[PDB]
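One chain comes next, on its own, written as structure tokens: the form deposited in one PDB entry.
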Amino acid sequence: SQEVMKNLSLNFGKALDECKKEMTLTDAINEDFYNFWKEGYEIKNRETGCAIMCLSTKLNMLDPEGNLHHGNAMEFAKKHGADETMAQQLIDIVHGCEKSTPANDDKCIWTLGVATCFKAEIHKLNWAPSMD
């Protein structure tokens, strides 16, 4: 549900400010986060992939190679209002996109691709939120 996905994204984003400092990241990234769930919007900045990976890691959802920890990702979904069935769905999508996205040494870019694949799957389900 959109409503859930809205709360997830707001909460995934909360620690952005800490990552900064910790990464040297710019304001191109805030424009990418602000626009993320916009239909057809396309993330072009490498450094936004870096920021997602830093956020996910800080939430214990990511191993040091960029892959999803499925258990921890379920725990994060459930903490923010996803029931079981929605959470496991979110998980099957990230995992599916992990498998489909070309492998890449550049974790930041690979993370872009996964996050793009994910966003597209979520619009398809009619779950992408309107983030004011």
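So that the term is clear: the rigid core is the largest set of C-alpha atoms that superpose within 1.5 Å between two forms. One-based numbering along the sequence shown.
Beyond the structure shown, there is the form deposited in another entry, which is absent from this document and is the topic of what follows.
Core superposition between this form and the one not shown leaves every listed residue (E84, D63, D92, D106) with a C-alpha shift below 2 angstroms except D63. Fitting the two forms on the rigid core leaves the C-alpha of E31 displaced by at least 2 angstroms between this form and the one not shown.
Shown in the overlay between this form and the one not shown, fitted on the rigid core, is a CA shift at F12 of 2 Å or greater.
With a cut-off of 2 Å and the rigid core superposed, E75 has a Cα displacement that reaches or exceeds the cut-off between this form and the one not shown.
In the other entry, the CA atoms of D63 and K107 move farther apart by at least 3 angstroms compared with the shown structure. In the other entry, the Cα atoms of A51 and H70 sit 3 Å or more nearer to each other than they do here.
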